[PDB]
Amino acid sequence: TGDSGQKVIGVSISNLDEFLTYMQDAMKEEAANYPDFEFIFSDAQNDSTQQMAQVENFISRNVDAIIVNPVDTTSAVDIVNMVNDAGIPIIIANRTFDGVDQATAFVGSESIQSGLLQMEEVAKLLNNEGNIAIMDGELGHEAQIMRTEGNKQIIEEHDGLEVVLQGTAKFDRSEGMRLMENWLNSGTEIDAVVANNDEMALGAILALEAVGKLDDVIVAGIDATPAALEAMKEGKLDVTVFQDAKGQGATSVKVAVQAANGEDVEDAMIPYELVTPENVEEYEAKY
(Lines of atoms letter the chains of each structure in order from A and count residues from 1; the text may use other names and numbers.)
(Lines give C-alpha, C1' and ligand atoms only; values in the text may rest on other atoms or scores of the structure.)
Protein backbone atom coordinates (compact mmCIF):
# COMPACT_ATOMS: atom_id res chain seq x y z
CA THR A 1 0.00 0.00 0.00
CA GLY A 2 1.11 3.56 -0.77
CA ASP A 3 -0.15 5.18 2.44
CA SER A 4 -1.33 4.69 6.02
CA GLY A 5 -4.03 7.34 6.19
CA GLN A 6 -7.32 6.55 7.91
CA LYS A 7 -9.83 5.66 5.22
CA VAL A 8 -13.27 7.28 5.05
CA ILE A 9 -16.60 6.04 3.81
CA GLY A 10 -19.46 8.45 3.20
CA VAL A 11 -23.01 7.12 3.57
CA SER A 12 -26.23 8.85 2.55
CA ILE A 13 -29.40 7.02 3.51
CA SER A 14 -32.66 8.34 2.01
CA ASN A 15 -34.36 8.63 5.41
CA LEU A 16 -34.82 6.71 8.66
CA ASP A 17 -38.18 5.07 8.08
CA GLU A 18 -39.37 1.91 9.87
CA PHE A 19 -37.42 -0.58 7.74
CA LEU A 20 -34.43 1.60 6.86
CA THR A 21 -33.75 2.31 10.52
CA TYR A 22 -32.92 -1.36 10.98
CA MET A 23 -30.66 -1.20 7.93
CA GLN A 24 -28.83 1.88 9.23
CA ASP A 25 -28.34 0.30 12.68
CA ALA A 26 -26.86 -2.75 10.94
CA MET A 27 -24.48 -0.51 8.91
CA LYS A 28 -23.31 1.20 12.09
CA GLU A 29 -22.78 -2.13 13.87
CA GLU A 30 -20.73 -3.51 10.97
CA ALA A 31 -18.74 -0.26 10.58
CA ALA A 32 -17.45 -0.70 14.15
CA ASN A 33 -15.45 -3.71 12.92
CA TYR A 34 -13.09 -1.47 10.92
CA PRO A 35 -10.92 0.75 13.15
CA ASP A 36 -8.86 1.93 10.18
CA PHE A 37 -12.01 3.53 8.73
CA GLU A 38 -14.07 6.55 9.61
CA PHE A 39 -17.74 6.52 8.54
CA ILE A 40 -19.92 9.55 7.84
CA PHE A 41 -23.55 8.49 8.30
CA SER A 42 -25.76 11.11 6.68
CA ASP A 43 -29.55 11.27 6.29
CA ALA A 44 -31.07 12.91 3.20
CA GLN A 45 -34.48 13.31 4.91
CA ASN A 46 -36.24 12.34 1.66
CA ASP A 47 -34.74 15.39 -0.05
CA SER A 48 -32.83 14.76 -3.30
CA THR A 49 -31.11 18.14 -3.16
CA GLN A 50 -29.83 17.31 0.31
CA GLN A 51 -28.64 13.88 -0.88
CA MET A 52 -26.83 15.48 -3.83
CA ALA A 53 -25.18 17.98 -1.44
CA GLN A 54 -24.05 15.14 0.83
CA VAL A 55 -22.54 13.27 -2.09
CA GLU A 56 -20.82 16.41 -3.41
CA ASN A 57 -19.30 16.87 0.06
CA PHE A 58 -18.08 13.28 0.08
CA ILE A 59 -16.44 13.86 -3.32
CA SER A 60 -14.83 17.09 -2.18
CA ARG A 61 -13.43 15.34 0.93
CA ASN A 62 -12.06 12.61 -1.36
CA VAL A 63 -13.60 9.75 0.60
CA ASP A 64 -12.52 6.22 -0.30
CA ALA A 65 -16.02 4.92 -1.03
CA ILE A 66 -19.61 6.12 -1.00
CA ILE A 67 -22.78 4.24 -0.04
CA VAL A 68 -26.06 5.73 -1.32
CA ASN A 69 -29.66 4.69 -0.72
CA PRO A 70 -31.28 6.92 -3.42
CA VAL A 71 -34.09 9.33 -2.65
CA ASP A 72 -35.41 9.00 -6.21
CA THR A 73 -34.59 7.24 -9.44
CA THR A 74 -33.91 10.39 -11.45
CA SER A 75 -31.36 12.04 -9.18
CA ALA A 76 -29.80 8.61 -8.57
CA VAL A 77 -28.46 8.71 -12.13
CA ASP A 78 -26.91 12.14 -11.67
CA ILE A 79 -25.35 10.97 -8.38
CA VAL A 80 -23.79 7.87 -9.92
CA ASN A 81 -22.53 9.87 -12.90
CA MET A 82 -20.90 12.43 -10.63
CA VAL A 83 -19.26 9.91 -8.32
CA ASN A 84 -18.06 7.83 -11.31
CA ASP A 85 -16.50 10.98 -12.83
CA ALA A 86 -14.76 11.56 -9.47
CA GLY A 87 -13.24 8.09 -9.64
CA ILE A 88 -14.70 7.05 -6.27
CA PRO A 89 -16.45 3.68 -5.82
CA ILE A 90 -20.19 3.97 -5.23
CA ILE A 91 -22.23 1.22 -3.63
CA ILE A 92 -26.02 1.43 -4.05
CA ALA A 93 -28.00 0.00 -1.15
CA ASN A 94 -31.59 -1.25 -1.04
CA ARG A 95 -33.16 1.03 -3.70
CA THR A 96 -32.33 0.42 -7.34
CA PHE A 97 -33.04 2.53 -10.41
CA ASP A 98 -32.68 2.43 -14.17
CA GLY A 99 -28.96 2.95 -14.57
CA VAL A 100 -27.80 1.04 -11.49
CA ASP A 101 -25.33 -1.03 -13.50
CA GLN A 102 -23.21 2.13 -13.76
CA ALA A 103 -22.60 1.99 -10.02
CA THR A 104 -19.75 -0.07 -8.55
CA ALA A 105 -22.13 -2.54 -6.90
CA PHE A 106 -25.74 -3.00 -5.78
CA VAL A 107 -26.67 -4.54 -2.42
CA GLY A 108 -30.36 -5.26 -2.00
CA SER A 109 -33.24 -7.47 -3.01
CA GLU A 110 -35.20 -7.93 -6.21
CA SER A 111 -38.44 -6.02 -5.81
CA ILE A 112 -40.65 -7.85 -8.28
CA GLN A 113 -39.82 -11.13 -6.43
CA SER A 114 -41.43 -9.76 -3.26
CA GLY A 115 -44.61 -8.71 -5.13
CA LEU A 116 -44.78 -12.14 -6.80
CA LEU A 117 -44.27 -14.01 -3.50
CA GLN A 118 -46.78 -11.84 -1.68
CA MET A 119 -49.55 -12.13 -4.24
CA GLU A 120 -48.98 -15.81 -4.92
CA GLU A 121 -49.82 -16.49 -1.28
CA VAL A 122 -52.79 -14.10 -1.22
CA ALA A 123 -54.14 -15.84 -4.34
CA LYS A 124 -53.85 -19.22 -2.58
CA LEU A 125 -55.72 -17.87 0.42
CA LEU A 126 -58.48 -16.55 -1.86
CA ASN A 127 -58.68 -19.76 -3.92
CA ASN A 128 -57.93 -17.48 -6.88
CA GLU A 129 -61.13 -15.47 -6.44
CA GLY A 130 -61.41 -11.98 -5.06
CA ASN A 131 -61.43 -8.22 -5.40
CA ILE A 132 -57.96 -6.85 -4.71
CA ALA A 133 -57.07 -3.37 -3.41
CA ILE A 134 -53.39 -2.52 -4.00
CA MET A 135 -51.58 0.08 -1.88
CA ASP A 136 -48.75 1.59 -3.87
CA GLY A 137 -45.76 2.86 -1.99
CA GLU A 138 -43.89 6.06 -2.83
CA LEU A 139 -44.71 6.63 -6.45
CA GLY A 140 -41.87 6.10 -8.84
CA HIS A 141 -39.63 4.20 -6.43
CA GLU A 142 -38.53 1.02 -8.19
CA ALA A 143 -39.86 -0.96 -5.23
CA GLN A 144 -43.30 0.57 -5.76
CA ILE A 145 -43.35 0.05 -9.50
CA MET A 146 -42.05 -3.47 -9.34
CA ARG A 147 -43.84 -4.80 -6.24
CA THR A 148 -47.10 -3.74 -7.82
CA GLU A 149 -46.02 -5.20 -11.16
CA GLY A 150 -45.35 -8.53 -9.42
CA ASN A 151 -48.76 -8.34 -7.77
CA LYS A 152 -50.41 -7.68 -11.13
CA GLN A 153 -48.54 -10.51 -12.87
CA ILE A 154 -50.11 -12.96 -10.41
CA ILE A 155 -53.49 -11.29 -10.63
CA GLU A 156 -53.40 -11.56 -14.45
CA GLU A 157 -52.83 -15.33 -14.10
CA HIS A 158 -56.31 -15.77 -12.56
CA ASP A 159 -59.63 -14.72 -14.07
CA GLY A 160 -61.35 -14.53 -10.66
CA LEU A 161 -58.76 -12.07 -9.32
CA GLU A 162 -59.35 -8.44 -10.18
CA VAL A 163 -57.78 -5.15 -9.08
CA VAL A 164 -60.71 -3.00 -7.97
CA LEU A 165 -58.79 -0.22 -6.17
CA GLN A 166 -55.25 1.07 -6.50
CA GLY A 167 -53.84 4.05 -4.68
CA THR A 168 -50.68 5.25 -2.95
CA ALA A 169 -50.16 5.55 0.80
CA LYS A 170 -46.55 6.63 0.44
CA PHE A 171 -45.00 3.72 2.42
CA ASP A 172 -46.60 5.37 5.48
CA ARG A 173 -48.75 3.86 8.28
CA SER A 174 -50.93 6.89 8.93
CA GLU A 175 -51.50 7.38 5.17
CA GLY A 176 -52.36 3.68 4.88
CA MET A 177 -55.01 4.17 7.56
CA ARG A 178 -56.50 7.19 5.75
CA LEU A 179 -56.50 5.48 2.39
CA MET A 180 -58.17 2.38 3.84
CA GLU A 181 -60.79 4.60 5.51
CA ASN A 182 -61.57 6.25 2.17
CA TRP A 183 -61.75 2.91 0.43
CA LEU A 184 -64.15 1.62 3.06
CA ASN A 185 -66.34 4.69 2.56
CA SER A 186 -66.51 4.05 -1.19
CA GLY A 187 -68.61 0.93 -0.57
CA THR A 188 -66.35 -1.02 -2.97
CA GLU A 189 -66.22 -4.73 -2.12
CA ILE A 190 -62.69 -5.73 -1.10
CA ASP A 191 -61.46 -9.26 -0.39
CA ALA A 192 -57.75 -8.46 0.06
CA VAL A 193 -55.65 -5.40 0.72
CA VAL A 194 -52.19 -5.91 -0.71
CA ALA A 195 -49.61 -3.29 0.25
CA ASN A 196 -46.16 -2.57 -1.12
CA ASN A 197 -44.87 -2.48 2.50
CA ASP A 198 -45.73 -3.45 6.03
CA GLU A 199 -46.25 0.07 7.34
CA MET A 200 -49.15 0.67 4.94
CA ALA A 201 -50.64 -2.75 5.72
CA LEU A 202 -50.49 -1.94 9.43
CA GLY A 203 -52.34 1.30 8.75
CA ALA A 204 -55.01 -0.55 6.80
CA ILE A 205 -55.40 -2.96 9.70
CA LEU A 206 -56.06 -0.06 12.08
CA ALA A 207 -58.81 1.18 9.80
CA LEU A 208 -60.33 -2.27 9.27
CA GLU A 209 -60.21 -2.95 13.03
CA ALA A 210 -62.05 0.27 13.71
CA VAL A 211 -65.15 -0.84 11.77
CA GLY A 212 -64.98 -4.52 12.72
CA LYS A 213 -64.12 -5.69 9.22
CA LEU A 214 -60.64 -7.11 9.76
CA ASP A 215 -61.89 -10.74 9.74
CA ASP A 216 -63.51 -10.20 6.31
CA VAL A 217 -60.39 -9.03 4.49
CA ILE A 218 -56.99 -10.62 3.82
CA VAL A 219 -54.14 -8.13 4.54
CA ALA A 220 -50.65 -8.42 3.09
CA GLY A 221 -47.43 -6.42 3.45
CA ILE A 222 -43.71 -6.62 2.59
CA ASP A 223 -40.61 -6.31 4.81
CA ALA A 224 -41.43 -8.58 7.80
CA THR A 225 -40.51 -5.84 10.26
CA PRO A 226 -40.89 -6.64 13.93
CA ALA A 227 -44.09 -4.54 13.99
CA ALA A 228 -45.45 -6.64 11.12
CA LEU A 229 -44.51 -9.94 12.73
CA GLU A 230 -46.29 -8.89 15.92
CA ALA A 231 -49.41 -8.10 13.90
CA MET A 232 -49.16 -11.50 12.29
CA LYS A 233 -48.81 -13.18 15.71
CA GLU A 234 -51.97 -11.36 16.79
CA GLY A 235 -53.81 -12.74 13.73
CA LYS A 236 -54.23 -9.36 12.03
CA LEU A 237 -51.70 -9.65 9.19
CA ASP A 238 -52.05 -12.65 6.88
CA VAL A 239 -48.96 -12.35 4.68
CA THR A 240 -45.68 -10.56 4.61
CA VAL A 241 -42.34 -11.00 2.94
CA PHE A 242 -39.00 -10.84 4.75
CA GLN A 243 -36.53 -8.26 3.48
CA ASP A 244 -33.17 -8.64 5.18
CA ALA A 245 -32.39 -5.19 6.57
CA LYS A 246 -29.45 -6.46 8.63
CA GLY A 247 -27.97 -8.32 5.67
CA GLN A 248 -28.33 -5.35 3.36
CA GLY A 249 -26.77 -2.95 5.85
CA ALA A 250 -23.84 -5.16 6.93
CA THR A 251 -23.13 -6.27 3.39
CA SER A 252 -23.18 -2.71 2.02
CA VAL A 253 -20.53 -1.75 4.55
CA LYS A 254 -18.42 -4.83 3.80
CA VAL A 255 -18.54 -4.17 0.07
CA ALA A 256 -17.70 -0.49 0.53
CA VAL A 257 -14.71 -1.38 2.68
CA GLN A 258 -13.50 -3.85 0.06
CA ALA A 259 -13.83 -1.22 -2.68
CA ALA A 260 -12.15 1.40 -0.50
CA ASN A 261 -9.26 -1.02 -0.04
CA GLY A 262 -8.80 -1.26 -3.79
CA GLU A 263 -10.52 -4.59 -4.50
CA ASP A 264 -13.05 -5.19 -7.25
CA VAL A 265 -16.45 -5.89 -5.76
CA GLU A 266 -19.67 -7.42 -6.97
CA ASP A 267 -23.40 -7.19 -6.37
CA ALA A 268 -25.08 -8.88 -3.44
CA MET A 269 -28.68 -9.87 -4.15
CA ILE A 270 -30.28 -11.10 -0.97
CA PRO A 271 -33.45 -13.17 -1.37
CA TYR A 272 -36.87 -12.14 -0.23
CA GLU A 273 -38.65 -14.87 1.83
CA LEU A 274 -42.38 -15.49 2.22
CA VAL A 275 -43.62 -15.22 5.80
CA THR A 276 -46.91 -16.73 6.99
CA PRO A 277 -48.28 -17.67 10.42
CA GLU A 278 -46.79 -21.12 9.80
CA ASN A 279 -43.16 -19.86 9.87
CA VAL A 280 -43.46 -16.53 11.68
CA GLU A 281 -41.37 -17.59 14.75
CA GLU A 282 -38.43 -18.29 12.43
CA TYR A 283 -38.40 -14.59 11.40
CA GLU A 284 -38.92 -13.19 14.89
CA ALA A 285 -35.61 -14.86 15.53
CA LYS A 286 -33.96 -12.56 12.96
CA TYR A 287 -34.26 -9.68 15.43
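All residue numbers refer to positions in the sequence shown, first residue = 1.
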property: Higher-B stretch (mean Cα B-factor, as the entry records it), 80-88 or 138-146; result: 80-88
property: Entry-level comparison of average CA B-factors, 68-76 and 188-196, reporting the higher stretch; result: 188-196
property: Peak C-alpha temperature factor (PDB record), options 255, 27, 224, 55; result: 224
property: Among 98, 175, 162, 110 - the residue whose C-alpha B-factor is largest in the record; result: 162
property: Residue 49, C-alpha B-factor rank within chain (lowest, middle or highest third); result: middle
property: Third of chain Cα B-factors occupied by residue 232; result: highest
property: Ranked C-alpha temperature factor of residue 170 among modelled chain residues, by third; result: middle
property: Relative C-alpha B-factor of residue 18, binned into the chain's lowest, middle or highest third; result: middle
property: Residue 243 - Cα temperature factor, lowest/middle/highest third of chain; result: middle
